[PDB]
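Just one chain follows, in the form deposited without 3-acetamido-2-methylbenzoic acid (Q5H), and it is written as structure tokens.
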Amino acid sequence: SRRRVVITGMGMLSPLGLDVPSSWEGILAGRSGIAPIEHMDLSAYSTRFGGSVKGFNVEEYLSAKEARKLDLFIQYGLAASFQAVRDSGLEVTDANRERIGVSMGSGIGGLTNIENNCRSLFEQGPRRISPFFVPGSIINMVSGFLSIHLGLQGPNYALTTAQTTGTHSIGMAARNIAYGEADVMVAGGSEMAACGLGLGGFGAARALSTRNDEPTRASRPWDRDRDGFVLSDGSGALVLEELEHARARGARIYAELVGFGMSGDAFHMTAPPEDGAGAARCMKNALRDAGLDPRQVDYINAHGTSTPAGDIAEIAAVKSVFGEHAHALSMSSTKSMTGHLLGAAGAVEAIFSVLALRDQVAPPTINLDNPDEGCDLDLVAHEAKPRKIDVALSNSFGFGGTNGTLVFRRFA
């Protein structure tokens, strides 16, 4: 058999706020976090906007000296991670520290640090490269620094699965607990790819919306006028915990993680298959994992990136998996408001799926003014929808055809 895994703490940096309740307030109000990118010359770039984290104070978390050693993506992961542990009320002791682990991931990692150290390398030569360049830039340093700050001695690792990172991190963290490797995990993802190489890299593949005149309308999942995704920054962290461990200390339980699906499309390097076969296999894997029939699913937080091929594949996938129940469930893209946090997308959207269960409300897909051909599901267009939600899915799909599905159930 298998142990049960519940969510006892959550933490977040998003384009909508510097914590969960501020972010969620934005989500349910249909507020956009998208705006022209500041303190950065994007004149030569075809995209000049995205979801930036606004007003973040790293010194709430770290000394200025420690923050100077770490890429923004690491600072954001630590912020969410420290919020999530504090939210959980968990007391780390000598008796439990070996049973508490970390899996915080990134799609892209320390691009901003790499770019500034490149500046120094090209202009002055290697002797201007920071000594903290390597440990301050690598993706496992959110897990590493968190474990060192808090004395966590359980499983210590990082996933990097492109836009699927957050979903995979949480899912495999839940496996570690379910199969007795740990009693607590801090899991999720962080991303800060709003550098030249980030905007430039996605810009060169024409993956980005170029709607510079109306940044708040750029992200329009399933809308016939969508033209690619919106690049966003931030982090999500969840405290995952074995149920008996949570009950014994009187933890506040947000929801239970009942199901985790992984699948590979094995299709294309960047494009999803049009019939959504991969997303369909992954969701079916996750529902089997939960012992749930597709009819029991009430809410899906879609990947919903606002790319032509991505949005339509997810419609096909849901119709395929859910048949006669496909219109009954509500499916929304919170990327309509946050944009695409890449590796952290799965983390913040897991938290929104948990909060949809707590508050019995499907978040809107804003900007869905003209649903595209065959986009006829309940996509919660424009405004939040109060409804019955016992079971919520969060889907992620990524470059390399890598799929992730988490199934959350109400806990009472």
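Residue numbers run from 1 along the displayed sequence. Rigid core (definition): largest C-alpha set, two forms, superposition within 1.5 Å.
- The segment moving more, judged by mean Cα distance from this form in 9 other deposited structures of this protein after a core overlay, is 39 to 47 among 39 to 47 and 357 to 365.
- Comparing 236 to 244 with 213 to 221, the stretch with the higher mean C-alpha B-factor in the PDB entry is 213 to 221.
- The deposited model assigns a higher average Cα B-factor to 383 to 391 than to the other stretch when 383 to 391 and 341 to 349 are compared.
- The entry lists C-alpha B-factors for 106, 334, 81, 112, and the highest of these is at 112.
- Of the candidates 125, 155, 304, 171, the deposited coordinates give 125 the top C-alpha B factor.
- Among the modelled residues of its chain, residue 29 has a C-alpha B-factor that falls in the middle third, as given in the PDB entry.
- Ranked by C-alpha B-factor against the other modelled residues of its chain, residue 7 falls in the lowest third.
- In this PDB entry, the Cα temperature factor of residue 180 sits in the middle third of its chain's modelled residues.
- Looking at the C-alpha B-factors along this chain, the one for residue 150 belongs to the middle third.
- Annotation for residue 88: CA B-factor lies in the lowest third of the chain's modelled residues.
There is another form of the same protein, the form solved in complex with 3-acetamido-2-methylbenzoic acid (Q5H); it is not shown, and what comes next is about it.
- Proximity of residue 397 to 3-acetamido-2-methylbenzoic acid (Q5H) in the bound PDB entry: non-hydrogen atoms within 4.5 Å are present.
- A residue is said to contact a partner when one of its heavy atoms sits within 4.5 Å of a partner heavy atom; residue 265 meets this definition for 3-acetamido-2-methylbenzoic acid (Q5H) in the bound PDB entry.
- 3-acetamido-2-methylbenzoic acid (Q5H) in the bound PDB entry comes within 4.5 Å of no heavy atom belonging to residue 75.
- In the bound PDB entry, at least one heavy atom of residue 271 sits within 4.5 Å of a heavy atom of 3-acetamido-2-methylbenzoic acid (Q5H).
- In terms of contact with 3-acetamido-2-methylbenzoic acid (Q5H) in the bound PDB entry, the residue from 338, 143, 305, 332 that brings a heavy atom within 4.5 Å is 305.
- Against 3-acetamido-2-methylbenzoic acid (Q5H) in the bound PDB entry, the set 221, 301 and 364 makes no contact: no member has a heavy atom within 4.5 Å.
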